[PDB]
Amino acid sequence: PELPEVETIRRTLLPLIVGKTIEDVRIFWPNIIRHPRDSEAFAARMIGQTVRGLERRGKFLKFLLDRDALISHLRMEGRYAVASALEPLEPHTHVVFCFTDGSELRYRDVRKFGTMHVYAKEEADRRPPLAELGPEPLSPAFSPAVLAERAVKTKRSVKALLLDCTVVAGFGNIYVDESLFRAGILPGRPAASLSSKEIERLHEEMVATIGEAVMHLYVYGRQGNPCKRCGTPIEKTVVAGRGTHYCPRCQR
DNA sequence: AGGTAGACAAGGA
DNA sequence: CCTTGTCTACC
Ligand SMILES: [Zn+2]
């Protein structure tokens with residue numbers, strides 16, 4: 001899921017689990033648990049805590065319990081669902097949180113790329129994986145000034161800079177390409193080569209792109225297809241080690 | 001040390 | 001062979 005989908009999961013999942021008390025945690029693929037290292041410690045510490053909240057940081061879900069925060073990344077194919085303990089589990093269910101009311105929060109993930117970390121609430125933000133995470137793209141903490149400061153002192157391409165989680169939280173490949181298209185900037189351009197006007201434009205389009213999605217693509221996955229603005233065939237190359245999509249006419 | 005590239009996760013085609 | 005973010009590892 002992208003940031004906008006994670007935000008939708010956050011909003012939808014919260015009412016389904018808030019106030020519920022954990023009676024058991026069952027783990028069928030221990031590698032998903034990254035902290036505590038021992039998945040049995042992870043299971044044992046969550047028992048008896050009640051779910052109090054659910055927040056989002058970039059693409060991370062942060063489950064707030066009594067003492068602890070559970071930090072969850074779905075990556076590609078991770079999914080949460082709430083269902084009865086009486087029903088057979090669906091395939092690829094790797095972690096189950098059982099509540100005292102007989103319902104369960106089930107974590108499914110065909111890839112098994114997702115991760116979970118549990119820390120005391122007050123420590124979560126200063127440990128991995130949340131430590132060093134950049135500002136929310138929809139917050140005033142993400143500003144043209146902040147973007148310019150990073151752009152100026154790097155040799156990297158603008159795409160690589162935007163994919164840096166320390167620069168801005170949760171901007172993935174899709175929204176970087178889309179935002180760069182809307183701002184008229186070639187992804188392979190050196191970040192330090194951007195004018196102030198371009199930084200401001202890029203910031204504005206980044207916020208619009210994310211903002212619209214949370215609340216139809218131009219370039220991503222559309223190589224060979226006509227640009228929706230000028231009709232020129234969309235192109236695809238490799239920038240910053242990844243498939244990159246752009247309009248060779250509209251982006252400069 | 002400090003900036004930054006890519007190793008790593010792992011199963012489905 | 002391929003998929004993707006990111007945090008550890010590298011120079
Ligand atoms: Zn175009």
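In what follows, chains carry the letters A, B, and so on, assigned in the order in which the sequence lines appear, proteins first and then strands, with residues in each chain numbered from 1. Values below: every heavy atom of this structure, side chains too, minus hydrogens, waters and symmetry copies.
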Review point. What's the CG-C1' distance between A:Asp177 and C:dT4, to the nearest Å?
Key: 13 Å
**Study point:** Side-chain N,O (A:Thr115) to OP1/OP2 (B:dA9) below 4.0 Å
**Key:** no
Review point. Within the structure, does a side-chain N or O atom of A:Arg156 lie under 4.0 Å from either OP1 or OP2 of B:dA5?
Key: yes
Review point. Out of B:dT4, C:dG5, B:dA10, which nucleotide sits closest to the side chain of A:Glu2?
Key: C:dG5
Check your understanding: Would you call the rings of A:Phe60 and A:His73 parallel, tilted or perpendicular, where under 30° means parallel and over 60° means perpendicular?
Key -> perpendicular
Exercise for review: Answer yes if the side chains of A:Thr237 and A:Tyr246 hold a donor-acceptor pair under 3.5 Å, and no otherwise.
Suggested key: no
Exercise for review: Starting at atom CD of A:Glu77, determine the distance to atom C1' of C:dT4, rounded to an integer number of angstrom.
Suggested key: 10 Å
Practice item. Give the rounded distance in Å between these two atoms: CZ of A:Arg108 and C1' of B:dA10. Key: 17 Å
Review point. Given the rule that a pair is Watson-Crick or G-U wobble with both distances under 3.5 Å, how would you write DNA chain B in dot-bracket, using | for pairs to a different strand?
Key: ..||||||||||.
Exercise for review: Using a cut-off of strictly less than 4.0 Å, decide whether A:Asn31 has a side-chain nitrogen or oxygen near OP1 or OP2 of B:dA10.
Suggested key: yes
Review point. So does A:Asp109 pair up with A:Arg79, basic N to acidic O under 4.0 Å?
Key: no
Practice item. Using the P atom as the reference point in each nucleotide, state the distance between C:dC11 and B:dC8 in Å, no decimals. Key: 14 Å
Point to revise | Spacing of A:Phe28 atom CZ relative to B:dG11 atom P, expressed in whole Å | key: 16 Å
Exercise for review: Verify the neighbour count for atom CD of A:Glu122: are there more than 12 heavy atoms of other residues, nucleotides or ligands below 6.0 Å?
Suggested key: yes
Revision key, fill the gap. When rounded to whole Å, the CZ to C1' distance for the pair A:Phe113 and B:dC8 reads 8 Å
Review point. Are A:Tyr80 and A:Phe63 an aromatic pair by the rule of ring centers under 6.0 Å?
Key: yes
Review point. Is it true that A:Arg57 and A:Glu136 have a side-chain N and a carboxylate O under 4.0 angstrom from each other?
Key: yes
Check your understanding: Do A:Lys20 and A:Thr100 get their side chains close enough for a donor-acceptor pair, meaning under 3.5 Å?
Key -> no
Practice item. Run the salt-bridge test on A:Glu55 and A:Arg10 with the 4.0 Å N-O cut-off and return the result as yes or no. Key: no
Check your understanding: For the pair made of CZ in A:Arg34 and P in C:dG5, what is the distance, rounded to whole Å?
Key -> 16 Å
Review point. Rounded to the Å, how far apart are A:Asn173 CG and C:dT3 P?
Key: 11 Å
Study note, to complete from the structure: In whole angstroms, the gap separating P of C:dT4 from CG of A:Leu3 amounts to 17 Å
Point to revise | No-hydrogen, no-angle side-chain donor-acceptor test under 3.5 Å, A:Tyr175 and A:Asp177 | key: no
Practice item. Considering just the side-chain nitrogens and oxygens of A:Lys112, establish if one lies under 4.0 Å of OP1 or OP2 belonging to B:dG11. Key: yes
Check your understanding: With the threshold set at 4.0 Å, does a side-chain nitrogen-carboxylate oxygen contact exist between A:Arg189 and A:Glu198?
Key -> yes
**Study point:** Classified sugar conformation, B:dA9, by whichever sign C1'-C2'-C3'-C4' takes
**Key:** north
Practice item. Determine, for nucleotides 6-11 of chain C in 5'-to-3' order, which nucleotides have protein heavy atoms under 4.0 Å from the base (write B), from only the sugar-phosphate (write S), or from neither (write -). Key: SS----
Check your understanding: At under 4.0 Å, does any side-chain N or O of A:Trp29 touch on OP1 or OP2 of B:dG11?
Key -> no
